Amino acid sequence: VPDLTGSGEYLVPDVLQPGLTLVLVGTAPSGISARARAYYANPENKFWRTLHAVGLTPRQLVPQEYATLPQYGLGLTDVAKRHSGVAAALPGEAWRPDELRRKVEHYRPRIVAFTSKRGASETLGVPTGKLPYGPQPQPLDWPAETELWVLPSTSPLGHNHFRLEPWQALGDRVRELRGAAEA
């Protein structure tokens, strides 16, 4: 399994460990994210606000706090780890859903939630037009106790098509899992 920095090749470390409730998977770090060595660092990207809004986190983290997410049972990675920029501009070799799948198999998070259709589409091999938001039918193949979700992009270019429902449902689902855990 790769280490969290991909032996120093990754632009920004993975946040991954056994026992996580939810790993949020993007396409690739924006340029701003790569330069900041953080996640969803573009100040107009709604991701950090959204996690707070939906109670995945109790405060709005700043991008540089991204690695603290495991204290809330959350982790982070991307389909493309060695390149930055917008999906359309990435070289084809940027996308490594194979490395993602190896990580998921290793760490066994309860949920993998793609933070855009494009990331889910690069991984699942289904065109974005075919993917609903929310939980996906349990696919192929994948730890059965690892549910798969597709979420509306929080990127500024999507303010647009952005919808809170899938993110709040996810928030509720994480609450429900972490609460069953305790009971």
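When reading the values below, keep in mind they use all heavy atoms of this one structure, side chains included, and skip hydrogens, waters and symmetry mates. For the single chain, residues carry numbers from 1 onward in sequence order.
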> Would you say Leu177 and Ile111 make side-chain contact, with heavy atoms under 4.5 Å?
Replying inline: yes

> Would a distance-only check, ignoring hydrogens and angles, find a side-chain to backbone donor-acceptor pair under 3.5 Å from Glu122 to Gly119?
Replying inline: no

>> Strictly distance-based, threshold 3.5 Å: is any side-chain N or O of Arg178 a donor or acceptor partner for the main-chain N or O of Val174?
In response: no

> Any side-chain heavy-atom pair from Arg101 and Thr123 closer than 4.5 angstrom?
Replying inline: yes

> Taking side chain as C-beta onward, heavy atoms only, is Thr50 less than 4.5 Å from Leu151?
Replying inline: no

>> Could you tell me if the side chain of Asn42 sits less than 4.5 Å from the side chain of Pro156, heavy atoms only?
In response: yes

> Hey, any chance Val112 and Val126 share a hydrophobic cluster, counting ILVMFWY side chains that come within less than 4.5 Å of each other, even indirectly?
Replying inline: yes

>> Could you tell me if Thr27 and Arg118 have a donor-acceptor pair between their side chains, going purely by distance under 3.5 Å?
In response: no

> Would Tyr72 end up clustered with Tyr39 when hydrophobic side chains under 4.5 Å apart are linked, directly or stepwise?
Replying inline: yes

> Would you say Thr146's side chain and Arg110's backbone share a donor-acceptor pair under 3.5 angstrom?
Replying inline: no

> Out of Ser153, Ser30, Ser155, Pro63, which residue meets the side chain to side chain contact (heavy atoms under 4.5 Å, CB included) rule with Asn45?
Replying inline: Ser155

> Hey, does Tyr133 have a side-chain heavy atom less than 4.5 Å from the side chain of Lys117?
Replying inline: yes

> Is there a chain of hydrophobic side chains (I, L, V, M, F, W, Y, each step under 4.5 Å between heavy atoms) that links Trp48 to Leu170?
Replying inline: yes

> Parallel, tilted or perpendicular: which describes the rings of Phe47 and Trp167, with under 30° parallel and over 60° perpendicular?
Replying inline: perpendicular

>> Suppose we screen for salt bridge (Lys or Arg N to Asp or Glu O under 4.0 Å). Which residues come up paired with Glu105, at least two apart in sequence or across chains?
In response: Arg108

>> Here's one to test your reading of the geometry: is the NZ or CZ of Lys46 within 45 degrees of the ring axis of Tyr40 and under 6.0 Å from its centre?
In response: no

> Hey, does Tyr107 have a side-chain heavy atom less than 4.5 Å from the side chain of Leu20?
Replying inline: no

>> Hydrophobic clusters here meaning ILVMFWY residues chained together by side-chain heavy-atom distances under 4.5 Å, can you tell me if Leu16 and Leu11 are in one?
In response: no

>> Do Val25 and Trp149 sit in one hydrophobic cluster, given that two such residues count as connected whenever their side-chain heavy atoms are within less than 4.5 Å of each other, even indirectly?
In response: no

>> Taking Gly134's backbone N and O only, do any of them form a donor-acceptor pair with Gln136's side chain (distance below 3.5 Å, no angle check)?
In response: yes

>> Measuring only between side-chain heavy atoms, which start at C-beta, is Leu24 closer than 4.5 Å to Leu22?
In response: yes

> Do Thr77 and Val23 come close enough that some side-chain heavy atom pair is under 4.5 Å?
Replying inline: yes

> Should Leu51 and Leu61 be marked as a side-chain contact (heavy atoms from CB on, under 4.5 Å) after you check the CA-CA gap, both sets of side-chain angles, and the distance that decides it?
Replying inline: CA-CA 9 Å; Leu51 296 198; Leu61 308 216; over 6 Å; no

>> Would you compute the distance between atom CD of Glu99 and atom CZ of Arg102 and round it to the nearest 0.5 angstrom?
In response: 5.5 Å

